[PDB]
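J.: After the C-alpha cells below, expect a handful of questions from me.
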Ligand code: NA
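Residue numbers (the entry's author numbering), protein chains in the order written: chain X, 597 to 662; chain B, 1647 to 1694; chain V, 1066 to 1113; chain H, 1457 to 1522; chain Z, 969 to 1017; chain A, 862 to 1059.
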C-alpha cells in the first residue's frame, strides 16, 4: 500500500510482529532511494526474517529500475 | 503658411498645491495601483 | 523547449540562439546605432 | 647549486595509509633528485621529502606529471 | 584538499536582467509638495478647467 | 476528495476544446474551493485575497513560497527541493533588480533555513521588488520551475490552464502521513485511501 507500507519502519514492525508484508514500490523513484529503504528494513528485522516488494505494472519507469 | 505656435508646460507638482491632503493621498494610492497594473500589461504585451 | 532543454527569455530572431540581457549590448548595440537616428536613406524602408 | 640549463631526474617512492575509500590518512613521497652530467650519467644532488596527514592526493607526482 | 575545499569558497555572481519601467512621475509626500505652490492656491482653481 | 469528485464530474470529463473556457468561467469559484477545501491551495492568494502570479509582487511570491513549503512546527523545509525552488526564485529577484553584476546575498541555500531573514536580506537590498508585480518573463520562469521533474511536485496550483488536472491530482498520497505540512494540518483537505467494507 503506497502511503502506508512505503515506510521501512512499519514494514520492519509488521515483519518483526511475525507477519508477511509488502514494501510499496509506489513511494520510490530511483534504485538508490529504495536500496536505502530496504537497507533500513534489513537493519531493523531479526536475522533470518524476510519481507516482499510490491511494484505497479502500470508504472513502466518503476519497473525499469525496480 | 505662417503657422506660429507656443505651448507652456508647468511642472505637475504645482497641481497638488490646489487639493487637500486627504484627496492627494487617495490619488497617490490609486495611481500606485494603476502603475503596478500598467507594468503587468506592458511586459506581457511586449514579449508576446 | 530550445533543443529539448526548457528556456525562458530573449533569443536572436535569425539564429534562435538564446541571448542573456547582459550580452544584448555587446551583440547588437553597434547595429542598433548604425540603423537608428539620422542616417543614409535605406531604400527597403521607403518602397525601394 | 646552479640548476640553470640542467636536466633533473626524480626517482620517487610514495607510501600512503587510508582513512576511507577516498581520503588518505597519511602520504609520504621521497627519493633522490639527480642532475644529468655531460656523460649522460645521472648523479644525486638532493632529495624529494614530502610528508602529510589527511590528503586527497600526492602533490609531488601531480607537479612532476604536469 | 580536493575540489570541495575551493568550491565552498568561489563566490556566486549575479548578472543583471533588464527591468524596463514606465517612469510614472514620483509623488512626494503632501507636506513637501504643498511647499512648492503658494498656500493660497488651495481651492482657488476650477480643476475641470 | 468531494471537490476532486465534483471536478471529475464537471471539468476533467469536458472535451479538451471546452476545458479552458469552463476554467475561465468558474475561475473565481475554482480558486475559492482550492483555498477552502483542497490539499493544494491556489498559490496566488495573499492574506486570504485571490490574485494571479501576474498581480503579486516579488516579495508576496517569496513569502507565499515560505508560507506553503517551510514547516514552522518542525522549523525546516518540508523537502530540500522546495528550498532550492525559493532559493532559485530569490536569485531571480537579485538578477532582475540589480543594475550591474554583484555577488548574491544567498551564497548558499543554507541561509533559507531561517527563511524570514533571508527574504528581509534580499528585499532590503532590492526594495523596488516589494512594490512591483512579477515581470511577465519571471511569471513564465516561475511556472517553468513548477514543471521541474528533479523536484518534489509543488504543493499548490500556480495557474488554471489545459494541464489543471495534472496540477490538481499529481503527488497527492503523502499528505495523509504529513498533515504537519498541509494548509491547516486539516485532514479534510487530503486523500486517504480506504475500502468501504473493511
Ligand atoms: Na536591472
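All residues carry an ideal CB built from backbone N, CA and C; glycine is no exception.
Rounded to the nearest angstrom, how far is the Cβ of residue 953 (chain A) from that of residue 970 (chain A), given a contact under 8 Å?
T.: About 14 Å; that fails the 8 Å criterion.
J.: Does the CB of residue 984 (chain Z) have a neighbour CB from chain B at under 8 Å?
T.: So no, residue 984 (chain Z) is outside the interface.
J.: So residue 1481 (chain H) is in the beta strand (DSSP E); what residue range does that whole segment cover?
T.: Residue 1481 (chain H) -> beta strand (DSSP E) spans 1480-1492.
J.: Kindly indicate which three-state DSSP category residue 1014 (chain A) falls into: helix, strand or coil?
T.: Coil.
J.: Give me the chain Z residues within the contact set of residue 996 (chain A), using Cβ-Cβ distance strictly less than 7 Å, ordered along the chain.
T.: Within 7 Å Cβ-Cβ: 987.
J.: Apart from the five residues just before and just after residue 998 (chain A), which ones in its own chain have a Cβ nearer than 7 Å to its Cβ?
T.: If we look at residue 998 (chain A) and ignore the five residues flanking it on each side, it has no Cβ neighbours.
J.: Contact check, residue 633 (chain X) vs residue 619 (chain X) under 8 Å by CB: the rounded distance?
T.: With a Cβ gap of about 7 Å, residue 633 (chain X) and residue 619 (chain X) count as contacting.
J.: Just the residues with CB closer than 7 Å to a heavy atom of ligand 1, in chain order, which are they?
T.: That query returns the following residues: Z:984, Z:985, Z:986, Z:987, A:957, A:958, A:959 and A:960.
J.: Do you know offhand how far residue 980 (chain A)'s Cα is from residue 933 (chain A)'s?
T.: Distance between the alpha carbons of residue 980 (chain A) and residue 933 (chain A) is about 16 Å.
J.: May I ask you to report which of helix, strand or coil DSSP gives residue 1666 (chain B)?
T.: Reduced to three states, the DSSP call for residue 1666 (chain B) is coil.
J.: Strictly under 8 Å for the Cβ-Cβ distance: is residue 1016 (chain Z) near chain B by that measure?
T.: Taking Cβ atoms only, chain B never reaches closer than 8 Å to residue 1016 (chain Z), which makes this a no.
J.: According to DSSP, is residue 626 (chain X) helix, strand or coil?
T.: DSSP places residue 626 (chain X) in coil when its eight states are reduced to three.
J.: Which residues in the same chain as residue 996 (chain A) place their Cβ atom closer than 8 Å to its Cβ, once the five residues preceding and following it in sequence are excluded?
T.: For residue 996 (chain A), where only same-chain residues beyond five positions count, the Cβ hits under 8 Å are 957.
J.: Rounded to whole angstroms, what is the Cα-Cα separation between residue 1066 (chain V) and residue 1520 (chain H)?
T.: Going from the Cα of residue 1066 (chain V) to the Cα of residue 1520 (chain H) covers about 47 Å.
J.: If we define contact as Cβ-Cβ less than 8 Å, is residue 1671 (chain B) a contact residue for chain A?
T.: For residue 1671 (chain B), the answer is no, since every Cβ of chain A falls outside 8 Å of its Cβ.
J.: Can you pull the chain B neighbours of residue 993 (chain A), defined as C-beta to C-beta under 8 Å?
T.: Result: 1682 and 1685.
J.: Among the residues of its own chain, which have a CB less than 7 Å from the CB of residue 921 (chain A), if the five just before and after it don't count?
T.: These residues qualify, in order along the chain: 907.
J.: With three or more beta-carbon pairs closer than 8 Å as the criterion, would you say the region 597-616 of chain X touches the region 1032-1039 of chain A?
T.: Result yes; three or more Cβ-Cβ pairs closer than 8 Å.
J.: Buried or exposed: residue 913 (chain A), going by 16 or more other Cβ atoms within 10 Å of its Cβ?
T.: So residue 913 (chain A) counts as buried.
J.: Between residue 1676 (chain B) and residue 977 (chain A), what straight-line distance do the alpha-carbon atoms span, to the nearest angstrom?
T.: Cα to Cα, the separation comes out at about 30 Å.
J.: Taking 6 Å as the limit between beta carbons, can you name the residues of its chain near residue 947 (chain A), skipping five residues before and five after?
T.: The residues are 926.
J.: Leaving out five residues before and five after residue 887 (chain A) in sequence, what residues of the same chain have Cβ atoms less than 7 Å from its Cβ?
T.: Closer than 7 Å at the Cβ level, and outside the excluded window around residue 887 (chain A), lies no residue.
J.: What residues of chain Z sit near residue 965 (chain A), judged by a beta carbon separation below 7 Å?
T.: Neighbours of residue 965 (chain A) on chain Z, chain order: 980 and 982.
J.: If I'm right that residue 1013 (chain Z) touches residue 1664 (chain B) with Cβ under 8 Å, what's the distance once you round it to whole angstroms?
T.: So it is a contact: roughly 5 Å between Cβ atoms.
J.: Would you please state the rounded distance, in angstroms, between the beta carbons of residue 973 (chain A) and residue 891 (chain A)? I believe it to be under 8 Å.
T.: Not a contact, Cβ separation roughly 31 Å.
J.: Under 8 Å between the Cβ atoms of residue 1467 (chain H) and residue 1487 (chain H)?
T.: Yes, Cβ-Cβ distance for residue 1467 (chain H) and residue 1487 (chain H) is below 8 Å.
J.: By the 7 Å beta-carbon criterion, what residues does the region 948-978 of chain A contribute toward chain Z?
T.: Those residues of the region 948-978 of chain A that come within reach of chain Z (Cβ to Cβ, closer than 7 Å) are 952, 955, 956, 957, 958, 959, 960, 961, 962, 963, 964, 965 and 968.
J.: Going along chain A, which residues have a C-beta under 7 Å from residue 1665 (chain B)?
T.: Ordered by position in chain A, no residue passes the 7 Å Cβ test against residue 1665 (chain B), which lies about 24 Å from the chain.
J.: With 7 Å as the limit, tell me which residues of the region 867-898 of chain A have their beta carbon closer than that to any beta carbon of chain B; keep them in chain order.
T.: Cβ contacts with chain B come from no residue of the region 867-898 of chain A.
J.: Should residue 1678 (chain B) be counted as a contact of ligand 2 given a C-beta to heavy atom distance under 7 Å?
T.: As presented, the structure is devoid of ligand 2, carrying ligand 1 as its sole ligands.
J.: What are the boundary residues of the alpha helix (DSSP H) that includes residue 1473 (chain H)?
T.: Counting along the chain, residue 1473 (chain H) falls outside any alpha helix (DSSP H), though it belongs to the beta strand (DSSP E) covering 1469-1474.
J.: Can you list, in chain order, the residues of the region 912-936 of chain A whose Cβ is nearer than 7 Å to any Cβ on chain B?
T.: Cβ contacts with chain B come from 915 and 916.
J.: Residue 950 (chain A) to residue 1509 (chain H), Cα distance in whole Å?
T.: Their backbone Cα atoms lie some 42 Å apart in a straight line.
J.: How far does the alpha helix (DSSP H) with residue 619 (chain X) in it extend, from its first residue to its last?
T.: It is not in any alpha helix (DSSP H) - residue 619 (chain X) instead sits in the beta strand (DSSP E) that spans 618-620.
J.: Is there a Cβ of chain Z sitting closer than 8 Å to that of residue 1092 (chain V), yes or no?
T.: Judged by the 8 Å Cβ criterion, residue 1092 (chain V) is not in contact with chain Z.
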